Structure formats: structure tokens, C-alpha cells
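What follows is one chain in C-alpha cells, specifically the form deposited in one PDB entry.
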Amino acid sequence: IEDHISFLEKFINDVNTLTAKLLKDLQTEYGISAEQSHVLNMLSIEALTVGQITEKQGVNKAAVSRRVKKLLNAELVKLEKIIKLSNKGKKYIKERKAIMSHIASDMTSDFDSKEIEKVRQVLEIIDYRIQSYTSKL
């Protein structure tokens, strides 16, 4: 009830702890820092400004800047202007989705796509609401 908030916090912590570990090598192979990939996956969504990324993240603006340039030095992301992803950066995101999808299947081998449908409908609606709140200050 405010216990769901905690669970949700724990659930997220776990996904990060897992995704981190699952993506270690690939990040090494790319030269990437964890916080850098999360920017790449953050842009995997479209294109954002360095303030947007800092404001959607909540870390020191300088740090976001230090990671945004390193991605342009590595040709992982390009510019419009705004900051898009480069193809090099895409094959990455693509190599990520592939590792994610392999494990997600194990853990969801025995589910009911109908069970899942309703649950997702409830989330898209919560997601919709979270976004509206965010825009207003």
C-alpha cells in the first residue's frame, strides 16, 4: 500500500543488479561504463538533450557531460541539434536486447500471455500517469 513502493524499489534494485552483471563483458568490449550504457539505453528510446538526460537522471550535470562527450568520442551517439544514437551505438543496444531476451525467456517460460496482458495494461496506465506528473515541474 506504501509497501508496494518498497517492493517496487527492491524489484528495481534487483533488475539493475542483474542487468549490470549480465552486461559487464559487453560494456568492457565496448569501453563503456555502466552509467554510460544506461545513457545509451536512455537514448535507445529516441533522442535527448544533455539537460534532459541530467534532469531525467538526477546526477551531477558535470558527470552527465563527462559521459556524453565520451560517447561522441567513441562514436556511440551522434547529433541531430540534439543527441541521437549512432549505428555503432545501435548494434550495442541490439547486442543488449539479445542478452536480455535470452534470460527473460527462462524466467517467463511458464507464463500466461493473457495473465501478462492485463498486468501490462495496468502498467501502461500507470506509466501514462507517471509521465504526466513528470512534465509538470
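Superpose the two forms; the largest set of C-alphas matching within 1.5 Å is the rigid core. Residues that one form lacks are left out of the comparison. In this text, residue numbers run from 1 along the sequence as written.
According to the PDB entry, the deposited sequence contains 10 or more residues between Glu80 and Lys81 that lack coordinates. On average the C-alpha atoms of 83 to 91 have higher B-factors than those of the other stretch, with 83 to 91 and 69 to 77 being the two compared. According to the PDB record, 109 to 117 carries the higher mean C-alpha B-factor of the two stretches 8 to 16 and 109 to 117. The deposited CA B-factor of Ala104 belongs to the middle third of values across its chain.
In the PDB entry, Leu137 places in the highest third of its chain by CA B-factor. For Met42, the recorded CA B-factor ranks within the middle third of the chain. Only modelled residues enter the ranking.
The protein also exists as the form deposited in another entry; that form is not presented, and the subsequent description refers to it.
After superposition on the rigid core, the single residue among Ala104, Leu26, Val59, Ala98 whose C-alpha moves by 2 Å or more between this form and the one not shown is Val59. Identified as moving between this form and the one not shown on the superposed core are the stretches 45 to 70, 81 to 84, each made of at least three consecutive residues whose Cα atoms shift by 2 Å or more.
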